[PDB]
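Letter by letter, the chains look like this.
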Amino acid sequence: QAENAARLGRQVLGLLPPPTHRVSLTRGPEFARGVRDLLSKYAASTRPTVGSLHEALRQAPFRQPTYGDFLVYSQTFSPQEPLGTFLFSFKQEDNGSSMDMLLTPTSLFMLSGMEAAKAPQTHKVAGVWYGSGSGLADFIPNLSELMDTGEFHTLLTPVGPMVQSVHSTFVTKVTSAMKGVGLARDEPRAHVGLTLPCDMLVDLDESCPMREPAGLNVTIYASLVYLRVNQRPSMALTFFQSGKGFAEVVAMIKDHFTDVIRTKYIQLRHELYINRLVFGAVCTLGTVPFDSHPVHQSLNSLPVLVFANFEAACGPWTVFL
Amino acid sequence: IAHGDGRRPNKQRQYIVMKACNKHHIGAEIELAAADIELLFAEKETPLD
Amino acid sequence: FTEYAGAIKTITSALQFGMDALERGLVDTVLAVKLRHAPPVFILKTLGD
Amino acid sequence: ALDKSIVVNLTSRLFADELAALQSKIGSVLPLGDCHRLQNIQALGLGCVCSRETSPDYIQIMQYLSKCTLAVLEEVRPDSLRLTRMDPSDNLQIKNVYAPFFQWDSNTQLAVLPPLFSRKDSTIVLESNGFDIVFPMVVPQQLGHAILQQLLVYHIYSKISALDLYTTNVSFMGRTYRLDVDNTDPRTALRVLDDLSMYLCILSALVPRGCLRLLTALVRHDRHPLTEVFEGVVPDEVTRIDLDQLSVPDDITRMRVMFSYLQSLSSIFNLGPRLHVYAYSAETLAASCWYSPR
C-alpha cells in the first residue's frame, strides 16, 4: 500500500517550482554548470536521436495558471456546457455567505432581450437552456435602471474559460481559469481552449488582400453596447479578433457600430440626458498566438468555434464612443 | 525541402487515406425437368429401367 | 510502455524528417548556384568560336 | 528556454560605402514583417509603407509600427545582416545611436516613432540591391507625445489654408526642432481628426458649471503661472454658460462622464509599444529595458 504512497514521493518531488539559484562561493565555478535552460543551441550530429537530445527536451519553460473557484446556483449556470465557454462574474452586493453569480454569453443574451435577427443562431439555443427571460431577471431587479445610467460595464469582471464543473441539484461548482492555459481535468495531458459561438464572434481582419504584417500575437477583444429597442433599454455583446493593436481597433469598432450610434442618437434631439450619453465599453480578454486555425464545430444545432493555445489576460473596461 | 529564399517553412505533413471493399453478387439458373426428377428416386426392377 | 515507445517513434520520424529535409537543401542550392552561372546555348555558342 | 535570432540572407555583396553606415549603427531598432530566422531584405525596412515616390503619411506609418515585431541588430557581416528579436516581456540591451540626440538616464520611459525630422539622415538607400531601408526613431515619452501633438495641429491648419513657425516647430526645454513636412498624405491623419471632432464636442456638452465659475473667479485677478494662456481676459463664451445656479448633484453625474470619456482619449493619442528603462549606462550609451506588449 506504500507503493501508492511511493507514487506521491515521485510526483510531488518531481512537480515543484524550480528552486533559487544559490551556490556558496567556496565551491567555485560550479554554478555555471547549474545553468541549463539558458542554453538554447543544442549540438546536432549526422544521425541525431532521442538519446542525443533527451537532455535537450528536458529544459522547458515554467507555466502554471491560477484557477478560480466559484460556487454558483444551479439555475443560472445551465447544467450542460461545452466545457470551454467564456465567463463573467457579475457582482452587486455580498448578501450571502458564499453565493456567486456567473454569466455565459448565451445567458447574457437572454438578459439583454434584443431582436432575433441580430443573432439568428443562438436565440433558439439560448431559449432552450432557460425560460422566457424571467428566470434570470428575478435575481437582478435593477436591469431597467442599470442600463439607463450605464453602470453595467462596471460590474462585469471577465474571468476566462471553464476548466471543470461538478454539477449537483441545487449548487453547481465551477472551476474557471485565469492567466493562461488551463489544464484539462478529465482527459490527462490535455489543454482546455476557449470556445465562442460563431454567431457572437465578429472577425476584424479580413481582406481580398486587394499586405498586412505577421506577428506572434492576436488579441480577442470583448465589447458591450448600450442601445434602445422598442423604446426599452437593452444591451448587445459582440466579440472581436484582431492583431491591429489598440490604436486601430477603437477606430475600427466605431465603423462596425455606425448604425447603432446613428439610430440611438436620433432620439436625443428631443431629450438630452447626460446619463444616456454613455454608449459602450471594450475589455481585453487576453492574447491568442498567431496562425492557429479556429476550428468549426457543431453542437446541440449550434456552430461553435474553438481556439487552441488560448491564454487569458484580463484588462479594464474603457468607454469608447 | 528547406529553402534559402524564405517564404515560410513547411512543417511535417501526413495523409490518412481511406479505402474500402466493393462486394459483388453472382447468379446462374439451373433448370431440371420434372419428368426426369420423378424417375430418379424409385428402385429399378426391370432390364428397361 | 506501448504509449511511451510509440511516442519515441514519432519524435524520431519528426527528426529524421529534420535532417533529410536539409539534405534536399544541398541539392536545391547547388543546382541553384549552377543556374545563376548558366547562360543559354545561343548566347554562348558563337562566343565559343 | 527561448531563443531569439534573425539572420537575413542577402543576394548581393554590399559595398564598402553602405557598410560603413551600417557599421556606425550596430545598436539600433528596426521593425520587420515576419517571425522567422531567414528573411528577405524587403521586410527589414520600414520603407514598405514609406517610399520616396509614394507620399508618406506619418500617422499611417505610426499606425503601421504597432503591428510589427521589433528587432535589434547584432552584427553587420558583408553578406548577411544578423539581428536579435524583442518579445514581451524580455529584458535586453539597447544602445542609442539615434542622430537627433537626446539624453536618457536610469528610470526613464521610451517609445518608438517614425522619422519625423530628417528622412535623408535617418534612412540609408542600398544601391547594390535597389531596396532602401528606413530606421524609426526612439524618443522619451514626453517628446513622444509632444511631436504627435504638433502633427495633429498641423493638419488642422493646412486645411484652413485651402505661417510655418507656429505649425511645424515642436517645442521642448532648451531646444526647438523642425518637422519634416513637404509631401504628406492627410487622409489617414484626418480620420484621427474626424474622431477628435466626435470626442471634443461631446465634452463641450457635459461641461461642469462650477468649474466654469472657478475660472471666472480665478483669471480676472488671481493670476497663476500656468493660466497665462487666457492672458488675463475671460473668453466671451464662458460668461454665457454661467447664468444658471449651481447645484452639487448635477455635477456629480457630469464629472463621472467627464472622467469616463478621458478614458477614451488614450485610444486616440496612443504611441507604439512602450519601453520602460530601468538601468541606463551613460558613457557606454547602452541601456536595459523590457519590451511592453501592444
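Criteria and cut-off values
Residues numbered from 1 in each chain as written, not as in the entry; some residues may be left out. Chains lettered and ligands numbered in written order. Part of a larger assembly, values for the part shown. Heavy atoms only, no water. Helix = DSSP H or I, 4+ residues; strand = E, 2+ residues; numbered from the N terminus. Buried < 20%, exposed > 50% of the residue type's maximum accessible area, 1.4 Å probe, protein only. Areas by Shrake-Rupley, 256 points an atom, 1.4 Å probe, with all protein chains shown as cover. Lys, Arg positive; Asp, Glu negative; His and termini not counted. Charge placed at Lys NZ, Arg CZ, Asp CG, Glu CD. Contact = heavy atoms within 4.5 Å. Buried area = accessible area lost by both parts, 1.4 Å probe. Salt bridge = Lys/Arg side-chain N within 4 Å of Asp/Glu carboxyl O. Polar contact = N/O pair within 3.5 Å; in protein donor to acceptor, adjacent residues only side chain to side chain. Nonpolar A, V, L, I, M, F, W, Y, C, P; charged D, E, K, R; others polar. Core = buried A, V, L, I, M, F, W, Y, C linked by side-chain atoms within 4.5 Å. Disulfide = S-S within 2.5 Å. Pairing = 2+ DSSP bridges. Patch = residues over 30% accessible without salt bridge, like charges linked within 9 Å, V, L, I, M, F, W, Y side chains within 5 Å. Domains from an automatic or database assignment. Axes fitted to C-alpha atoms, helices over the stretch in contact; angles between N-to-C directions. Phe/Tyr/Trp six-rings, centres within 6.5 Å; stacked < 30°, edge-to-face > 60°. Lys NZ or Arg CZ within 6 Å of the ring centre and 35° of its normal. Parallel < 35°, antiparallel > 145°, perpendicular 65-115°, else oblique.

### Thoughts on the overall build of chain C
Now for step 1: In terms of regular secondary structure, chain C is built from four helices and zero strands.
Now for step 2: Counting helices and strands in the order they occur from the N terminus, chain C gives α-α-α-α.
Now for step 3: Overall, the C-alpha framework of chain C stretches about 70 × 10 × 10 Å when taken along its three principal axes.
Now for step 4: Within chain C, the fraction of its 49 residues that count as buried is 4%.
Now for step 5: On chain C, roughly 4,500 Å² of surface is accessible, and the fraction owed to carbon and sulfur atoms is 69%.
Now for step 6: Averaged over its 5 positive side-chain charges, chain C has a centre that lies 7 Å from the centre of its 5 negative ones.

### Notes on the overall build of chain D
Now for step 1: Scanning chain D from N- to C-terminus turns up nine helices and 13 strands.
Now for step 2: Considering only C-alpha atoms, chain D reaches an extent of 75 × 50 × 35 Å along its principal axes.
Now for step 3: The buried share among the 294 residues of chain D stands at 44%.
Now for step 4: With an accessible surface of roughly 16,800 Å², chain D has 54% of that area assigned to carbon and sulfur atoms.
Now for step 5: Here chain D contributes 26 positive and 31 negative side-chain charges, whose respective centroids are spaced 2 Å apart.

### Remarks on the interface of chain D and chain A
Now for step 1: With 31 residues of chain D in contact, the opposing surface of chain A contributes 31 residues.
Now for step 2: In this assembly, chain D packs against chain A so that about 2,700 Å² is buried in total across both faces, 54% of it on carbon and sulfur atoms.
Now for step 3: At the boundary of chain D with chain A, the tally comes to one salt bridge.
Now for step 4: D195(D) serves as the salt-bridge partner of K254(A), at 3.7 Å between the closest nitrogen and oxygen.
Now for step 5: Inspection of the region where chain D meets chain A yields eight residue pairs in polar contact.
Now for step 6: The dominant element in the side of chain D that touches chain A, judged by the number of residues it contributes, is helix α9 (residues 248–261) of chain D, at six residues.

### So, helix α2 (residues 58–65) of chain D
All names here are of chain D.
Now for step 1: Burial analysis of α2 places six of its eight residues in the buried class, which makes it a mostly covered element.
Now for step 2: Looking only at α2, the buried set comprises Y58, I59, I61, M62, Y64 and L65.
Now for step 3: Elements that come into contact with the buried residues of α2 comprise β3 (69–76), β6 (108–113), α3 (119–122), α4 (141–159) and α6 (187–203).

### What about the interface of chain B and chain C?
One widely used convention gives an interface's size as the accessible area the parts lose upon coming together.
Now for step 1: Between chain B and chain C, the contact holds six residues from the first and six residues from the second.
Now for step 2: Buried surface at the junction of chain B and chain C, summed over both partners, amounts to about 470 Å²; 61% is from carbon and sulfur atoms.
Now for step 3: If you look at where chain B meets chain C, you find zero salt bridges.
Now for step 4: Run the count over chain B and chain C and you get one residue pair in polar contact.
Now for step 5: Partitioned by chemical class, the residues of the side of chain B that touches chain C number two nonpolar, three polar and one charged.

### Overview of the arrangement of the chains
Now for step 1: Summarising the chain contacts, four pairs of chains touch, and the pair with the most contacts is chains A and D.
Now for step 2: At the C-alpha level, the nearest point of chain A lies 11 Å from chain B, with no contact between them.
Now for step 3: Left apart from each other, chain C and chain D have a closest C-alpha approach of 12 Å.

### A word on the nonpolar core
Now for step 1: Among the nonpolar cores identified, the biggest contains 113 residues, and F90(A), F152(A), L156(A), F239(A), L206(D), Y261(D) and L275(D) are the most heavily contacted of them.
Now for step 2: With eight residues, strand β9 (residues 217–229) of chain A is the largest single contributor of residues to this core.
Now for step 3: When residues no more than four places from it in sequence are discounted, the contact partners of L275(D) are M86(D), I94(D), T108(D), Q109(D), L110(D), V112(D), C289(D), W290(D) and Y291(D).
Now for step 4: Ranked by size, the runner-up nonpolar core spans 19 residues in total, among them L10(D), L22(D), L30(D) and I133(D).

### Examining the state of the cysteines
Residues and elements named next belong to chain D.
Now for step 1: In the structure shown here, the tally under the stated rule is zero disulfides over all chains.
Now for step 2: Of all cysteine sulfurs, the one in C211 lies closest to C201, which takes part in no disulfide; the gap is 18 Å.
Now for step 3: Judged by relative accessible area, which is 55%, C201 ranks as exposed.
Now for step 4: In this structure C289 is not part of a disulfide, and its nearest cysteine sulfur, from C35, lies 19 Å away.
Now for step 5: Overall, the relative accessible area of 2% leaves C289 in the buried class.

### A short note on the sheet that holds strand β1 (residues 66–73) of chain A
All names here are of chain A.
Now for step 1: The antiparallel open sheet is built from five strands, whose spatial order is β1-β5-β4-β2-β3. Two strands close off the open sheet at either side, each with one partner strand: β1 and β3 (101–102).
Now for step 2: Taken together, the four bridges between strand β2 (residues 86–90) and strand β4 (residues 156–164) define a ladder with antiparallel strand orientation. Bridging from a neighbouring strand, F86 pairs with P161 of β4.

### What to know about a negative patch on the surface
Now for step 1: Residues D203(A), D205(A), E206(A) and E212(A) make up a contiguous surface patch of negative charge.
Now for step 2: Its place among the elements puts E206(A) in the loop between β8 (201–203) and β9.

### Topic: the domain arrangement of chain D
Now for step 1: Looking at the assigned domains, one finds that chain D contains domain 1 (1–140 + 269–294), domain 2 (141–180) and domain 3 (194–268).
Now for step 2: The C-alpha centroid of domain 3 of chain D is placed 25 Å from the C-alpha centroid of domain 2 of chain D.

### Description of unusual backbone geometry
Residues and elements named next belong to chain A.
Now for step 1: Each neighbour pair has its own omega, and for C208 with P209 the value is 5 degrees, a cis peptide bond.
Now for step 2: Looking at where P209 falls in the secondary structure, it is placed in the loop between β8 and β9.
Now for step 3: With phi around 60 degrees, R189 is a residue other than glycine that occupies positive phi space.
Now for step 4: Tracing the backbone shows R189 in the loop between β6 (182–183) and β7 (191–192).

### Considering the side chain of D242(D)
Now for step 1: Among the structural elements, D242(D) can be located in the loop between α8 (238–241) and α9.
Now for step 2: Buried and unpaired, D242(D) has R213(D) as its nearest opposite-charge partner, separated by 5.2 Å.

### With respect to the sheet that holds β3(D)
All names here are of chain D.
Now for step 1: Pairing in this open sheet of four strands is antiparallel, and the strands run β1-β4-β3-β2 from one edge to the other. Each edge of the open sheet carries a strand with a single partner, namely β1 (6–8) and β2 (29–32). Within the sheet, the average angular offset between the axes of one strand and its neighbour, ignoring direction, is 40 degrees.
Now for step 2: Examined bridge by bridge, β2 and β3 share four bridges and lie antiparallel to one another. The residue bridging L32 from the neighbouring strand is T69, located in β3.

### Digging into the packing of aromatic side chains
Now for step 1: All chains considered together, the criterion is met by eleven aromatic pairs over all chains.
Now for step 2: Taking NZ or CZ as reference, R276(A) lies 5.6 Å from the ring centre of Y273(A), over its face.

### Description of a nonpolar patch on the surface
Now for step 1: On the surface, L71(A), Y73(A), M99(A), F139(A), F170(A) and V171(A) cluster together to form a nonpolar patch covering roughly 560 Å² of accessible area.
Now for step 2: Position of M99(A) relative to the elements: it lies in the loop between β2 and β3.

### Concerning the packing of helix α7 (residues 246–256) of chain A against α6(D)
Now for step 1: The geometry of α7(A) relative to α6(D) is characterised by a closest axis approach of 12 Å and an angle of 75 degrees between their N-to-C directions. When the axes of α7(A) and α6(D) are compared, the pair comes out roughly perpendicular. Seen from α7(A), the contacting residues are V250(A), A251(A) and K254(A); seen from α6(D), they are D195(D), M198(D) and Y199(D).
Now for step 2: Residue classes in the contact of α7(A) with α6(D) are distributed as four nonpolar, no polar and two charged.

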